[PDB]
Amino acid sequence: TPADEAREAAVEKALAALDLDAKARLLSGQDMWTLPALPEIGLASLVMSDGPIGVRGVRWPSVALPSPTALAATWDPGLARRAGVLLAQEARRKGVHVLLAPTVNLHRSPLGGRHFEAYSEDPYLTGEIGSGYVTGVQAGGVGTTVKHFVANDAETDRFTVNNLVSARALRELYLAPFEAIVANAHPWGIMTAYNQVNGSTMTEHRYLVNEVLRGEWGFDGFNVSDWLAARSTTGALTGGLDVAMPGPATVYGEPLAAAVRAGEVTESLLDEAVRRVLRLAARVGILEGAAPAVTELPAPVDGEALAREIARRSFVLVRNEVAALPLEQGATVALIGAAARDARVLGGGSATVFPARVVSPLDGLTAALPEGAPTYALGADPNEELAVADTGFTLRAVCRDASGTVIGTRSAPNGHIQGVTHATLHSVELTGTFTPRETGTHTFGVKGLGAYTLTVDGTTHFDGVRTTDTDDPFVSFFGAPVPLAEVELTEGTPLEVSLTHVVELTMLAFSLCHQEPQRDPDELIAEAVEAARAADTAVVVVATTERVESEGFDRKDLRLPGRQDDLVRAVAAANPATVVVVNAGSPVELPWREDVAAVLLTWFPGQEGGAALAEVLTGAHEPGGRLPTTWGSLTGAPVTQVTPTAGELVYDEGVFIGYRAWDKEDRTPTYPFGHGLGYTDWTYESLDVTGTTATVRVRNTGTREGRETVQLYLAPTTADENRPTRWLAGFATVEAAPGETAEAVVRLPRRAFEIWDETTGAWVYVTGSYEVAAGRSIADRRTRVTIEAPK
């Protein structure tokens, strides 16, 4: 803390200069993304933006990386550090100061909405990756808000739900990754969640925010509310909140200025909170008078290359039978499935961005394979009932005032929408022309809320409203699009399409949606089976959509959308050498494993996914992924409750989530935590533990050079009603050529032996004999040793 002392001196001078009206103003938001500026003290407007896979800015493109679970499947916090560096470069370019990322809530249930956005079901692996990600983002002088503090491991009724979580459960599981990132990475900020934990809402939670996070862990950054989570001027200030950031009319500002002057809300409390915001201002560099934390920035990073590297390093090859992968030299390959032509690179929610261009599996494999590239056949379409209007749509974004007079025309990206306009703007048209690809009944819709008027070819097909009873307006926007009208358009012949939204009195975004005309599912699977029959290997890319996987709501089942499961079985029957490329962000049921030759989980693999998949399938590279979460059937899954009964979600499983819960119940999953295969064999030959330092020698006993994640699992020798049977206590990714041997000196944290004392309010190093085991997964433990926990 050498320059930090000088920096915190400039913060104190700035705090002293400001008056009560400016102090309360600063803590209140200005726009959807930025805070007010104060030239009286040389402070610029703090720009904040989403998020985990890419930086959006203020919608005025981004680099779309693979989903957060994909980054965690690489088991490499050095990759997460590099990922963070690129994101800081993106933020510096888009003028963003704070990145609203990473999400580190655990994978409690497989039905969780933002499951694709979290890293793992294990708090150690989550903390390690999160630590790397934050250190990397802040390495480029860009702030981070570790979201969603704490216990936001489900989306239904997230606005009000009371998540009743145990004392040990919070300390050992849900809070762990936050403590790990606070201590290791030193984050400049945090975000408090919409839900409540044991009574208090996270934004108003005095015990967890001020006493635990700040008091025990020594957090020195700012605490932003989740967008619309701030709901009390006095309740949030006293509960450790600093910034009510939903938008312009926040709970802070003039209501807070008044509460200080009139009520028993002390100006000392306001001063303590502004001090935190002004400390952030100095680190991100928006405050003149305090030098920025990172002055010399990290060397430029190639965004496309890192997106490909993270993508292939995460692909978990769970199944591979005799050797389906990699593909053989000069083999006839057939690509099947809609997800191969139109890939799903991002998951739904605020984490979405628009990349420059996306490489699809068919684009990638066409270039990778020679003359007579993959024979493509769409097997089934998962992206229905509706999808954003893009293919064949040439749209503009017209702004109108009260008199309907045009006051601007922005270029439409495709259908979504959010210049020299202001409170005068009354409505927003989204006109254009649409050339249909095939004749039939085209449906048109919208994903938005409020007043809408649709006119496909002059005729006003819709002119009504779209209200909803839900407690959260964010659930409403990213909900499935609503069909407004069916229309008969002949292919080739285009017509003038138009969708207007009237705006007046938070709510400010809509998108034109369109469904391609009817396609028989059974005939689609018939034409794909002919291609499966006409090939040495069939590659079926199966995927969950942004409508299935998204924020605001939870999934209903782990089954694949559309007739995709029925497509896989038809292809597996016609051709035995079938490779299923699962492009899903969360666990999904694989009922046809026994029939298919191979399975490869690719998550939502970012804009370069198609290039990484082409490299892996052809054998240019190896799939370097190892499950960061336990995959299995929903019936076998022991912790699935996402829905709150009587407005309460009890976490009855306690300290047992993910693999810990499967062990406690005897239920064995389809593929366990840490499972994954590459394109080479690994023989663990030596394990030496000295105190708490495990040293592992592993041999590449395969035909090709490859990577291996060494996974150390601690397990008490005695019975453990109080604890899980085994748990991850360390890991390390090593690379070696065939025959060559690599070592791994992995130190197990002191914490791996400790448990939480609810009464003392302290950690308890559990003494006794343990079994430290090195392996390829939890189920594939290769070598064991018995040690006494050191003093």
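Heads up: residue numbers just count along the shown sequence, starting at 1.
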Q | Unmodelled deposited residues flanked by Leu505 on one side and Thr506 on the other | A | 4 to 9
Q: Compare the mean C-alpha B-factor of 281-289 with that of 509-517 as given in the PDB entry, and name the stretch with the higher value.
A: 509-517
Q) With respect to the recorded C-alpha B factors, which stretch has the higher mean value, 302-310 or 391-399? A) 391-399
Q.
I'd like to know which of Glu90, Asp522, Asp122, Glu172 has the highest C-alpha temperature factor in the PDB entry.
A. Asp522
**Q.** Which of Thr192, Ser131, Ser166, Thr493 ranks first by CA B-factor in the deposited coordinates
**A.** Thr493
(Q) Could you place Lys664 in the lowest, middle or highest third of its chain by Cα temperature factor, using the values in the record? (A) middle
Q.
Quick check for you: using the entry's CA B-factors within this chain, is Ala180 in the lowest, middle or highest third?
A. lowest
**Q.** Where the record places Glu622 (Cα B-factor, split into thirds across the chain)
**A.** lowest
**Q.** CA B-factor ranking of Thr145, expressed as a third of its chain
**A.** lowest
Q.
What third of the chain does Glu685 rank in for C-alpha temperature factor, lowest, middle or highest?
A. middle
